[PDB]
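Heads up: the structure comes next, in structure tokens.
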Amino acid sequence: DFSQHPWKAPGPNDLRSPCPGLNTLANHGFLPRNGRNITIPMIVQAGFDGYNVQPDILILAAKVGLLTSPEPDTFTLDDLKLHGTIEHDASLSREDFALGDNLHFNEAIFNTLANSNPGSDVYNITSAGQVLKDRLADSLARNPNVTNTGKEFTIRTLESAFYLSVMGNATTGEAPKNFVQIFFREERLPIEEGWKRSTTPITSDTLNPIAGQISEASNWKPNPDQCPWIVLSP
Amino acid sequence: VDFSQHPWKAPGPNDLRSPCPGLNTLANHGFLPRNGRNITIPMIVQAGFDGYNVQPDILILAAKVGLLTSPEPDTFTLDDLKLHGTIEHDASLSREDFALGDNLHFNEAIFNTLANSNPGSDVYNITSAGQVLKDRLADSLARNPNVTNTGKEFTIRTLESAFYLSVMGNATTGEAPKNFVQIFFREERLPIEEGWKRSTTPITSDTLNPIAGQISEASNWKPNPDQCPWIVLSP
Ligand code: HEM
Ligand code: HEM
Ligand SMILES: [Mg+2]
Ligand SMILES: [Mg+2]
């Protein structure tokens, strides 16, 4: 029932993340609107309620997210900005940590995703891959501190599988462009615009094939002498 | 803390245990569930404080990484913690390498090195701890073609050695009566009847790290050249 879950703009003391997925859930009150005191069970519930995303992938992501917080079993959405845990260079809608603000939505960065799949009414696996190339190529040219290993790349293919899957079709990875634009720009569920919570459950068995196809369409190579790492503590 | 309400009891076949004498001992006295199940990060902080006077910072971090070994949302079992390459590492003090046998259970043959350390002394110390780290790594290098030896394992090994010296011994000097350390590993018991008292000084990152750092210097250690440190993220 989305009627109990109206969108509201985050106010002054309301903490947000670099993740449109969680920010959208907070802005609809599926997570605390203040973005504080989030447990792994609250993530599993908000993800299932909002998007029909199943626990498997949410538990893993939330456990890694926890490492960004000094708290025993909670994090704030602001904690999740910690560079090198999940937050990575070559984001779709955020600047690289080394160049500026790795937290907030940035229209200038988002422009690439916005303008992708020209002449189509959807983003798809092909356009998602092209955006991954363009964003990485940007960070490699302007960021001498770029981190581009297997870890960041896997997360990038998964995050791109996420926007295609939760705003669009979880099997084909096609998503109406206006749904994806609203998701990123307003961190809002485009309910009035016709968006429905996925009827098909979003699992690692649906996300992985989509992430894999985005990967193939990205024509990716790692930086040669970089070791994959999860920063373990703030 | 009242240890009278926390009696040692031999773990049964019902009861899940880890490769960690620290947690296993806490479970054996009922500071953690004796069945070794349904352990939250808050239960770890409390059991660590109650049993050993260990402060939350280092326990929170260790427990959050331990969680990665579990498919459950916010709990692990002690048996989950055996997952090779999360925390569990080659060149353990009392367990065999995953590649060569059992990386879970106490092994007397492996423990022999630590047991015979600091010969002609009644205590184990930073010097003997360092020598045991060299000897155990050298053993794994000789016998384990698949040995993983990077900054991550080494840091964890210096910390785990700082832990046995600190919780069974003196948290400032890193000296520990040998029979305390030997019961801790062999029986996963607080040696209360044998005179062990919970540390009066709080065991923190600021007490552990200096000890781990000195153990490191006494270990004369080098990483394997072409290995990347990594935390295995899921079973
Ligand atoms: C619930 C479904 C989820 C969806 C649909 C989702 C979606 C996304 C998307 C599309 C991005 C890419 C943003 C960009 O590159 O500009 C992203 C980034 C991120 N997400 Fe999620 N997410 C979800 C769950 C989670 C969870 C559970 C966590 C952590 C607990 C998380 C943490 C992050 C972080 C830290 C980033 C920053 C990565 C970066 O761009 O550098 N997300 N998410
Ligand atoms: C609370 C005080 C703690 C103490 C005194 C302690 C002590 C130790 C010691 C001495 C070892 C080395 C055993 C050996 O090499 O044979 C060890 C190993 C281990 N501990 Fe802990 N520990 C503590 C807390 C924790 C916590 C909170 C976790 C995870 C939640 C944990 C997980 C492990 C694991 C997985 C190993 C296996 C490492 C290996 O030898 O391969 N311990 N612990
Ligand atoms: Mg980023
Ligand atoms: Mg081991």
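Residue numbers start from 1 in every chain, and the chains themselves are labelled A, B, ... in the order their sequence lines are given, proteins ahead of strands. For ligands, and for the atoms within them, numbers begin at 1 and follow the listed sequence. Side-chain atoms are counted along with the backbone in the values below, which use heavy atoms only and exclude waters and symmetry mates.
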Please could you name the atoms of ligand 1 that A/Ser93 approaches to less than 4.0 Å, counting only its heavy atoms?
14 (C), 16 (O)

Where's the contact between A/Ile43 and ligand 1, heavy-atom distance under 4.0 Å: side chain, backbone, both or neither?
side chain

Among the heavy atoms of A/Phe75, does any lie under 4.0 Å from an atom of ligand 1?
yes

For A/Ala62, take its heavy atoms, then give the atoms of ligand 1 lying under 4.0 Å from any of them.
30 (C)

Distance to 0.1 Å, residue and atom name: give those for the protein heavy atom nearest to atom 40 (O) of ligand 1.
A/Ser91 OG, 2.5 Å

Any idea which protein heavy atom is nearest atom 15 (O) of ligand 1, and the distance to it?
A/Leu92 N, 2.8 Å

Would A/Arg36 and A/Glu71 pass as an ion pair if we require N to O under 4.0 Å?
no

Step through it carefully: locate the ring centre of A/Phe30, locate the ring centre of A/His5, and say whether they are under 6.0 Å apart.
yes

Atom 1 (C) of ligand 1: which protein heavy atom is closest, and how many Å away?
A/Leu58 CD2, 3.5 Å

Hey, does B/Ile60 have a side-chain heavy atom less than 4.5 Å from the side chain of A/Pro70?
no

Checking the N or O distance criterion of under 3.5 Å, is ligand 1 in contact with A/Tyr51?
no

Taking the Mg ion (ligand 4) as the center, what protein N, O or S atoms are found at less than 2.8 Å?
B/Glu88 OE2, B/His89 O, B/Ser92 OG

At distances under 2.8 Å, what protein N, O or S atoms surround atom 21 (Fe) of ligand 1?
A/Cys19 SG

Which one of A/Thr76, A/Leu77, A/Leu15, A/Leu66 satisfies the side chain to side chain contact (heavy atoms under 4.5 Å, CB included) criterion with A/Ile38?
A/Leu77

Please list, chain by chain and in numerical order, all residues satisfying ring pair (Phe, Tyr, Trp, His ring centres under 6.0 Å) with B/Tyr164, sequence neighbours excluded.
B/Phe185

Can you list the residues that meet the salt bridge (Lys or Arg N to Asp or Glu O under 4.0 Å) rule with A/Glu216, with sequence neighbours excluded?
none

